[PDB]
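Worksheet: one structure, shown below.
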Amino acid sequence: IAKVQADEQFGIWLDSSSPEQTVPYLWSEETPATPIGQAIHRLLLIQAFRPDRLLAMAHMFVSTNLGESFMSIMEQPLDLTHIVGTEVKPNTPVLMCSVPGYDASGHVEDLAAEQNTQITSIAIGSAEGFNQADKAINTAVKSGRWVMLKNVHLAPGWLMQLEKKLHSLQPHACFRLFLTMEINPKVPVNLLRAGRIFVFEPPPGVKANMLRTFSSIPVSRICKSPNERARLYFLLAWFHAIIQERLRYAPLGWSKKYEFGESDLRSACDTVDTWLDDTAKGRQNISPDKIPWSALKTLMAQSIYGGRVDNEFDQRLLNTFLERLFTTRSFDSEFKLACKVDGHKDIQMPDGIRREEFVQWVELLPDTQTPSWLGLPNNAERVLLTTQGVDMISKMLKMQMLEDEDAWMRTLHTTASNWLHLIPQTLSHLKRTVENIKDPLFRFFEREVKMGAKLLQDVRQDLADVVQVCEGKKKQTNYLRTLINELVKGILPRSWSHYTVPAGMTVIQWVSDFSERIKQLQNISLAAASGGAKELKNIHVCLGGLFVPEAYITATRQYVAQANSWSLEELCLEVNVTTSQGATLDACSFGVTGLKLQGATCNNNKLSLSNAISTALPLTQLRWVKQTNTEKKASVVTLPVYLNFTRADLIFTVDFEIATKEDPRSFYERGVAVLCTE
Amino acid sequence: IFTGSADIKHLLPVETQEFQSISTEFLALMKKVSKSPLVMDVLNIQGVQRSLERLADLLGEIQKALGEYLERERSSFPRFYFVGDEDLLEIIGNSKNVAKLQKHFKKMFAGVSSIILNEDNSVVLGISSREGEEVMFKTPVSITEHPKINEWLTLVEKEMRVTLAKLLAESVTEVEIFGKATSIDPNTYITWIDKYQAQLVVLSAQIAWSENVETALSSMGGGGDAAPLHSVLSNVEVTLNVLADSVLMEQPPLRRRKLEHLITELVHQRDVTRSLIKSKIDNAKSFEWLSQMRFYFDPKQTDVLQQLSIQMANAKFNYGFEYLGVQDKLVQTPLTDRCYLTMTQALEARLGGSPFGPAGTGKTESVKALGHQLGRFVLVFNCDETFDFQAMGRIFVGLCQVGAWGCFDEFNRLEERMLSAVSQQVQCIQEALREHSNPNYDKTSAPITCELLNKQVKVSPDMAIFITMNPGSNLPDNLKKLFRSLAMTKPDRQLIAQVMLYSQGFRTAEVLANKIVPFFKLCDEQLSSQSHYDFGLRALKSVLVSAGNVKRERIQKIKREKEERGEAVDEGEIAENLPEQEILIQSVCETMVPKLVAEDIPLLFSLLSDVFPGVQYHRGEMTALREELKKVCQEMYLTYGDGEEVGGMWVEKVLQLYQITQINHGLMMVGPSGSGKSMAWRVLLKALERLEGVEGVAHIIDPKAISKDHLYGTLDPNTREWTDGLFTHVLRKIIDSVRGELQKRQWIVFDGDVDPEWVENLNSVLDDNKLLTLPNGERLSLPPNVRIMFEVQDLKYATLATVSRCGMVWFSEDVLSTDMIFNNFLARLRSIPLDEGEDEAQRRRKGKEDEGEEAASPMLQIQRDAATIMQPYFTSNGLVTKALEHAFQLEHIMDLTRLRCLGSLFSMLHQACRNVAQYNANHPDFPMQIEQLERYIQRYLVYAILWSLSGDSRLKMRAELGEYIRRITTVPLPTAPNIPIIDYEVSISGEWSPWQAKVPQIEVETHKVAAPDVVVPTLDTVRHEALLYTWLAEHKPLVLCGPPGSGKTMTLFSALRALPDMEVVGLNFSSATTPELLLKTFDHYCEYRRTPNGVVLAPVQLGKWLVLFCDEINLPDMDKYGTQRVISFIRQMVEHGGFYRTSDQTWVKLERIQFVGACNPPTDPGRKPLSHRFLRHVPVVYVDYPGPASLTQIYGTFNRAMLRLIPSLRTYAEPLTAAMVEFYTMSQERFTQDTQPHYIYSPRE
Ligand SMILES: Nc1ncnc2c1ncn2[C@@H]1O[C@H](COP(=O)(O)OP(=O)(O)NP(=O)(O)O)[C@@H](O)[C@H]1O
Ligand SMILES: Nc1ncnc2c1ncn2[C@@H]1O[C@H](COP(=O)(O)OP(=O)(O)OP(=O)(O)O)[C@@H](O)[C@H]1O
Ligand SMILES: Nc1ncnc2c1ncn2[C@@H]1O[C@H](COP(=O)(O)OP(=O)(O)O)[C@@H](O)[C@H]1O
Ligand SMILES: [Mg+2]
């Protein structure tokens, strides 16, 4: 801490784009350290200060230990020739697994062409295909031919049968059996165990996505008259790229990972073809105005891509994208596909009209792609990496002690002891009375305290049993043994999850959130016992610390309705963000804390786009007012309030005013939102 | 097949002859086998193998011929593919008995429920729906000219389509006048609505609006003049005003449905026209008009299946003129408009449809509405344990061949094998459909085909398939590419409520909808989660329909009230000045509050006050029914209150029960045990008896005690004969009405736990069909007089399908206060003689007040005086109430229910007054004085309080309750410090006396030192036999619990055998014991005798009370639904005093039968807890271990007997006996079950 404070050149390191290459010397050493010692200390420092770069730092550690070219061979094109020739036996099938929507049979066809080997390819999609595959395999196993089976994940039981068959054969030396499938859990475990697995993924980037889309579409389809058609296809391709690459940056890019696959693209192409054939009626040219823009916008907003979208906010985002792209101004030479790329530069529409011009423009695109191409902020990348960074460490925690079995209970004893010490011993239950039951707030907090106390007893008993097992007092039961397996690896047990939480969370974060929630519950219970239910209005409740804050919002609405004798329908919500200490709450105003604002900064109760990942909102006053017939101002943006960073659950929506003349659409493209908890 | 139908001979003569010649040979072979059934004798029959191979070959050939013939008949008329094999055989075989065909049309046609026929059944004149709406054919189908079933059924389908098109033409021609008119005469509009069917009415309205808007948009034509669209909107609003005025009037049901459909369509038309005007659409080819569904009717087309064309964006469908009846229309929300748009886009692209979302979001109903809008037969396939696979290939072939839609509701719920097989079938069908879309394939000669059931089935283009899904998830990988998915996550509640409320004639609908919709979600969130609550959209729509009914009832009430006076009447004027919010809140309360738990009713009223401020629901006053309730309640010794009094909630609940019985034909009472649901129903029946002059009959059935086969009757697998079950017997008895049962009113009450297994057949009866179907093939129609009722402690194992069909009144435990039960007890004491038994039970009804019978017997006077002494302690804050509230805090091995303790206490007080009567009989010269009576009953009340409340607890907790009573009581208690109060008896004189005086010290023979089954008298034994006699005098079923070896079985046997009359039957229960054991025991010891009152079961020995010992009542295994069959059987016997002979299906009554059980505590592993409706009747005693004093006494007797062999060691008897006790007790203190499970000690050691 003192060294960090005294370092003048720390900030330039902390804001650097590649800090891992120049980590400062801060650790104290009694003796000079080895290169690997310096590497691990730099790894710890980068984890502490810049987790977004952790993976990069991790790579350096590998390069410090296993060689510079160690990881490089994977960063290359797959050389299936030598591997299948030498490292694969004839009876071992080559399982080519792909992520959904990606087909890898082209690689096998290319290899068969290169080696000059006859290959028989069969698609397994019906009962007939099983007979064809059996006949082809019986022929090739004797004659040593090559067999390929396409999309075998559709037949799990037949794959088990094929594995059993393969275990018994005596194949010819030149026989090879390729099985192309999509990554699904229904593939048999034994077949994966008894096969050579090759995982194929698409190369990330808008450029490769557009190239794949253009290659997949036949040339004659795009070349059909009128000449404007190709330009629309380019826009469509660009659109299909922008939504797809954005799925990498979820939950920021989209609320959830939708399956925007090639089927949507083919449906969109069919829609475009039908509408242009109807409008043009064979004319070699049609004006840009005559293009049915409304039909395309509505259909790809509701039918093609919007059908999969269930969140209203993602539907709004899709509407913004379609309205920005599909318009007559797309045919202007000055149109900008993505504005303020990297904050200074822009991407212009190609000025050509033929397919070849658009394909050349795509091929000539820069290789350096940032999130600003998709409308996201650049720091979205900095978010994604650190997520993957955590995804690294947690994964290694699942590897730390299933491989290693030497002492694990010696450390688990201390860990469970600390976890027991952190959690409070009890949660006092609220005293229901005749007077306070009329308060909706007391009902909500009583339900919360009941659930929290029950789950508290559950966790405390489980941890006590774990500590007893680590001391030898208690034997390892099946449930207990599973619990030690989860806790040692940092996995959250299923027995502990009874309120909505982020998926993939370790146990320390869960118990820390537990401690915060129980402390909040204790505080509100003490307030209720001391001052009755009347103090439940003046207490500042962190919506993150509640197991169902939507019930709290409804309870505040009901309390305002009861106090002011207004109908519940006639009440509407407004938000006031106050930085002043001691801001008095009106009779219809309720305090909240712990809110975080993703993608914006609030000054004077007005939003402004910011590059910060998240900003802590101060005491937020939720105020219920009679719904006045007020026109929706153009400078008003309706942000969501998601439960947590995963954005799986939406609590409610908040209308905020825009500080500057910024387009509200920029807030939708940026994915600005509010989180009850980080 | 060949003897069930007599017409099969004429259809298949050659196969009939071959089967005759085969049956003769097979019968001969089977006769030969029957004359020598040994396996080796059969094998050595000459040429048996070749003969059986020949028979197999020929039978296979005839079965193949029959299958080919039935497939030919199916293909001739493709709708038969929706019909099973036996049903198709019934249809063709009964070709000349057309009436038998009438039930099968609901499977083949969309709406045709029957065919109207000439009086001689030779010409078909039309079709009819379920609602009775009829379409009369323009050209009748002559069966005589087309005798074959398939031919005239095809002609019926053709004429249905032709006549529907020809009537749609006239309907459009007539409605064009209203389309172009500035004002619509209501009489002419109503006449037009009556003249034509609902389907054609809505289609005519849609066609007129679409053509008018098309002509308008053509006329504006780029000039920007919006006058024509304003004219269209004006006409639509005029029609809406006319319909709103007409729907407030009283209308027939069919015309009301037509008006509701027209309003629902015209609201959407008004919204669309307003949107077009706002958007300034100025060309017919703009997308804002093309994206709205449009109707183009071309009467000039000669073909009748390409006249109406329905268009939406790209898609250009034709209306298949399939009669749909009066279907339920859908409020065209923007979400349903999106669904229609996407689904029609998918159909135009030949893809399948997948509306996925949470449950109850309109997915399958929206798909059905879309299919019905285009006139195509939709066929929803449920996917929840009713998924008939064996017809599914046949159904798919039928859909492909005829042209018809198919929607899979919750396709996720199919299991993995089922999912994969159906996925493959739908994949093949979808590929066959997608083959249409290619342009190169010329359709002049294009016989598309699909591989189904190993045959090439032709696929029509009109067909489609839809797959509703529930996320949490994805579609199967086979069909992910072929199906377009749509997220129907959240329907528009507000607009649906708005349109429906406007359809019922409410002046204000926007505010009411915007209030009621958030209120339902508020109730869903705030109220405690219970299975029976249902705040989905179906409940909301039903509530709004009920609100409309209440509004119309109020209009008629005001109208008739004014008409009885001198006034001028107008329906609209009356409807103008009414509160709509009062009607809506009244409907909401009337529909919800009966289902509400007592904990949730004040929360619901708070929410209702919040959403509906300043509006309160005053309950409708039923003066006559309340007066009859008062009369019957005083007659039956029950409290009555006028609301917010002692017993107001119970009166309200019985009134709600009357309301639900009036509304529904099936209902349930789902309170906890001991809430007065059965008493409330009995009082209601006996009150309606007086009110309406209609005789009330009750048929109470315990469904779980009886097997399902006996309940519903079972078909004999051979030697075909039908044996009516009990429920079927009752239904047939009322239907026949031999004794005029139709005149009388009869209620069937299933007093037992509801389970899925025995309610499957009852689902058809409880549904709107009101039809019991049996495996015999008989269809019993429930008459209106029957009302199938249910009593359940809970509905934990009740299917939602059963709960939905039935109304419900939740009888929360705080409907019967302690004061009501105490008043019932004290009222029963003052007027029921306690010794006269059952002969004078009938005389209770002879006297309406029993004047001059105040001194019916000295027993009545004694028990009346006793009630007078006991009244101060039974008050609302008296000794008994405080004692019960304190006892509820104490833990008891068995669950402590209120009515169990109260019944135990009442039985003990009954025995107290019986003891006083005994003393009076034994002292005829001077009977009991009031001072001694006061002292005796005051002490007995405390004694009975202890032994009723803490009789289930340990000795320490009995002492605790004794201390509490000593604190709060005014009655003097024993003045000995270190003795518990329970150790003292109350003598016949008022003063206490220790139990130790009444236990003799006996000497046992050396012959039986360890097996004196006559129990050595000890303190616990004398206490427990005293209680045994007290609770056997009332015939209550005693039960005793305690740890193993405590001595309950011996004490029970000795006490029972001490009585002279009691005849003990020792039955031991096990995990496999059933009602059959008790029935067998009754057949052994007892016998059935017929009497004028009815069949009576009685012991063979005259003047002897047969008592059944059930040594382990707990041990019988529970079913999958947590109920012991034998326990329920015993419960119905002890509570109803009888049971139903299943073989005869008739009620029989026990006369001198009792039950007395023993148990171990339910904490032990092999045991189970007993039903709370059963534990209410039984008083449970806890026989703990004897302890040091009792053990010393018992084994002093045993060792004094044992040492008699050797006469020099008698002096060492007593010193030894202490040692045997002392060490034993020390072991019992040092080693416990916690250290090891088998460290258990008892007096058996
Ligand atoms: N007052 C008594 N006089 C004599 N023997 C007694 C007495 N009380 C208990 N016992 C003894 O206690 C033992 C248990 O007798 P028993 O009545 O069979 O217990 P139990 O509770 O019925 N066993 P179970 O029916 O399985 O619960 C026997 O050895 C009896 O002799
Ligand atoms: N209106 C009433 N006033 C006073 N006492 C009543 C009233 N209704 C019922 N009781 C008392 O409550 C007892 C239980 O009521 P009821 O016989 O209807 O049983 P139940 O609630 O259906 O219970 P179970 O689950 O045991 O069948 C009745 O025997 C009677 O003692
Ligand atoms: N848009 C709507 N208009 C009118 N009624 C609707 C609408 N959406 C849903 N409903 C009602 O809600 C119920 C939902 O049930 P259903 O559609 O059969 O299954 P699910 O909705 O669970 O797929 C239907 O009975 C229907 O009457
Ligand atoms: Mg009952």
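For the structure tokens, the naming scheme is as follows: chains receive sequential letters (A, B, ...) according to their order of presentation, residues are indexed from 1 within each chain, and ligands are indexed from 1 in presentation order.
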
Item to check | ligand 3 neighbours within 8 Å using only C-alpha atoms and all ligand atoms, as a PyMOL selection string | outcome: chain B and resi 328-333+335-336+357-366+409-410+468+491-493+496+536-538+541

Next on the checklist: As a quick test: using only C-alpha atoms and all ligand atoms, which residues lie no more than 7 Å away from ligand 2? Give them as a PyMOL selection string.
Outcome noted: chain B and resi 633+638-640+647+650+672-680+793+816+820-821+823-824+1172-1174+1176

Provide as a compact mmCIF listing (two decimals) with N, CA, C and O atoms, in the first residue's frame the residues of chain B at most 7 Å from chain A, counting only C-alpha atoms.
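iface-v6.txt, freshly written:
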```
# COMPACT_ATOMS: atom_id res chain seq x y z
N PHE B 287 -47.48 -0.68 -46.32
CA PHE B 287 -47.35 -1.85 -45.45
C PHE B 287 -48.23 -1.75 -44.22
O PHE B 287 -48.65 -2.78 -43.68
N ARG B 338 -49.05 -9.79 -33.52
CA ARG B 338 -47.71 -10.25 -33.85
C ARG B 338 -47.70 -11.75 -34.09
O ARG B 338 -47.03 -12.23 -35.01
N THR B 342 -46.41 -13.34 -37.64
CA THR B 342 -45.30 -14.28 -37.74
C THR B 342 -45.77 -15.65 -38.19
O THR B 342 -45.09 -16.33 -38.97
N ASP B 477 -33.50 -30.85 -31.86
CA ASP B 477 -32.54 -30.52 -32.90
C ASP B 477 -33.02 -30.91 -34.29
O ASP B 477 -32.53 -30.37 -35.28
N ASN B 478 -33.96 -31.85 -34.39
CA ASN B 478 -34.52 -32.21 -35.69
C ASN B 478 -35.23 -31.03 -36.32
O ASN B 478 -35.10 -30.78 -37.53
N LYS B 481 -34.33 -26.08 -37.35
CA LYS B 481 -34.22 -25.39 -38.63
C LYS B 481 -35.57 -25.20 -39.31
O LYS B 481 -35.75 -24.23 -40.05
N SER B 485 -39.76 -19.65 -34.27
CA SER B 485 -40.12 -19.52 -32.86
C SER B 485 -40.49 -18.08 -32.54
O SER B 485 -39.87 -17.14 -33.04
N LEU B 486 -41.51 -17.92 -31.69
CA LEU B 486 -42.01 -16.62 -31.28
C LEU B 486 -42.19 -16.58 -29.77
O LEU B 486 -42.77 -17.50 -29.18
N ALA B 487 -41.73 -15.50 -29.14
CA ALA B 487 -41.76 -15.36 -27.69
C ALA B 487 -43.07 -14.70 -27.28
O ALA B 487 -43.22 -13.48 -27.38
N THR B 489 -44.24 -14.08 -24.27
CA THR B 489 -43.86 -14.08 -22.87
C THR B 489 -44.93 -13.47 -21.97
O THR B 489 -45.14 -13.94 -20.85
N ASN B 514 -57.98 -1.20 -16.16
CA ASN B 514 -56.71 -0.76 -15.60
C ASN B 514 -56.65 -0.93 -14.09
O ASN B 514 -55.55 -0.92 -13.52
N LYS B 515 -57.80 -1.05 -13.42
CA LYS B 515 -57.82 -1.35 -11.99
C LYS B 515 -57.75 -2.85 -11.73
O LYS B 515 -56.93 -3.31 -10.93
N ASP B 610 -57.23 -0.86 -1.61
CA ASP B 610 -56.17 -0.06 -2.23
C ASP B 610 -56.46 0.18 -3.71
O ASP B 610 -56.42 1.33 -4.18
N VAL B 611 -56.75 -0.88 -4.46
CA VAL B 611 -56.98 -0.73 -5.89
C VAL B 611 -58.31 -0.03 -6.15
O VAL B 611 -58.40 0.84 -7.02
N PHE B 612 -59.36 -0.40 -5.42
CA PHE B 612 -60.68 0.19 -5.56
C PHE B 612 -60.98 1.05 -4.34
O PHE B 612 -61.69 0.60 -3.43
N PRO B 613 -60.47 2.28 -4.26
CA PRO B 613 -60.69 3.09 -3.06
C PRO B 613 -62.14 3.50 -2.90
O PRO B 613 -62.86 3.72 -3.88
```

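For ligand 1, the set of protein, DNA and RNA residues within 6 Å, based on only C-alpha atoms and all ligand atoms, reads residues 1015, 1016, 1017, 1018, 1044, 1045, 1046, 1047, 1048, 1049, 1050, 1160, 1194, 1243 and 1244 of chain B.
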
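Put simply, atom CA of residue B:308 is 12.7 Å away from atom CA of residue B:293.
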
Long-range neighbours of residue B:1013 as a JSON list (two decimals) with C-alpha atoms, in the first residue's frame, 10 Å cut-off, only C-alpha atoms, 4 positions minimum in chain:
```json
[["chain", "number", "residue", "atom", "x", "y", "z"],
["B", 1008, "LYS", "CA", -48.33, -68.54, 36.18],
["B", 1009, "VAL", "CA", -45.55, -66.30, 37.50],
["B", 1049, "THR", "CA", -51.92, -54.69, 25.06],
["B", 1050, "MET", "CA", -52.26, -56.58, 28.34],
["B", 1051, "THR", "CA", -54.12, -53.76, 30.08],
["B", 1053, "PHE", "CA", -57.20, -57.13, 26.99],
["B", 1054, "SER", "CA", -57.69, -57.46, 30.76]]
```

Item to check | Distance query stretch 183-199 of chain B at most 7 Å, only C-alpha atoms, self and fewer than 4 positions along chain excluded, as a list in words | outcome: residues 178, 203, 238, 239, 242, 255, 258, 325 and 326 of chain B
